[PDB]
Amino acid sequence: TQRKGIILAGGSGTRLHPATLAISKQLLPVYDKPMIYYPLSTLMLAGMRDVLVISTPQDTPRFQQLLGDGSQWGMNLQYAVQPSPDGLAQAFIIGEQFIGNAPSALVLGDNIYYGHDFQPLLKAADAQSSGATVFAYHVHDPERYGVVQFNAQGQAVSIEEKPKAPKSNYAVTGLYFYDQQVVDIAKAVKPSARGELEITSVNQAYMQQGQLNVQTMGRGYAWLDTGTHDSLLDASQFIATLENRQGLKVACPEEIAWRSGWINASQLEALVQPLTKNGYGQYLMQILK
């Protein structure tokens, strides 16, 4: 698709200290791979090869060294900086030149998704010609998230950021698909009651035009909380369980790129040569033979 992706990987906050004294949160391992691999692979599964990584002045070079320009994966990776964490909607203001007049998508750098049918779900969001698509996930504590109520036709009826006051149990997750209107909408967002340039404001605008579609991630879908140390440990336990007990690989960009045809097997084998020592590399070998 001509859709282009943004990962917002900015300020984690002190919540994960002292672990995050060492590194920024989206570079911490979730099981065997850096956190940023999971939302990146989400964009890749949706078909986006053009990805803008937005991070802090201090951390952007660290991502640059980890990921490079993405040509090793048949991708084009670019970088821009958020000087202060003023809101998710700022991603489209920082990302205006990279987006051009293409449809776009935003995923948060600490959002980890899993689902057996997730790729058909992503591809379907990518196929909407217009409007916006958010992803709804059942949680037991909606007051901590953005909450949506929708018309069962996939049409949202209300959307509230951290309501006192919650109108449903469906949290809006950190994955958003948009047509060409979002940049101008984002530029017009005013700071919310909590002082933030909220993506919820963006989605409310789409909802008022009747252009907010909601994809449900119900039974079988995982959306991992990376907010706390305990929830980070749970995220690692989950990924390790899928890979060791069920023989599944989550968020391996080399595999996704090869199976998407963005690199060939010769390019893929070249990627494995410096990784031959451990199971991550031996998996890429097992998948080549």
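Residue indices: 1-based, along the sequence shown.
- Between the stretches 156-164 and 175-183, it is 156-164 that shows the larger average CA temperature factor.
- When the two stretches 147-155 and 110-118 are set side by side, the higher mean Cα temperature factor goes to 147-155.
- Taking the PDB entry at face value, the top CA B factor among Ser104, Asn76, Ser201, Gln209 belongs to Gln209.
- Ranking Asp59, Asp225, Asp230, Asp32 by Cα temperature factor from the entry places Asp225 first.
- Ranked against the other modelled residues of its chain, the C-alpha B-factor of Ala124 as given in the entry falls in the highest third.
- In this PDB entry, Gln82 carries a Cα temperature factor that places it within the middle third of its chain's modelled residues.
- Annotation for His17: C-alpha temperature factor in the middle third relative to the rest of the modelled chain, per the entry.
- Annotation for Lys289: CA B-factor lies in the highest third of the chain's modelled residues.
- The PDB entry assigns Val139 a C-alpha temperature factor belonging to the highest third of its chain's modelled residues.
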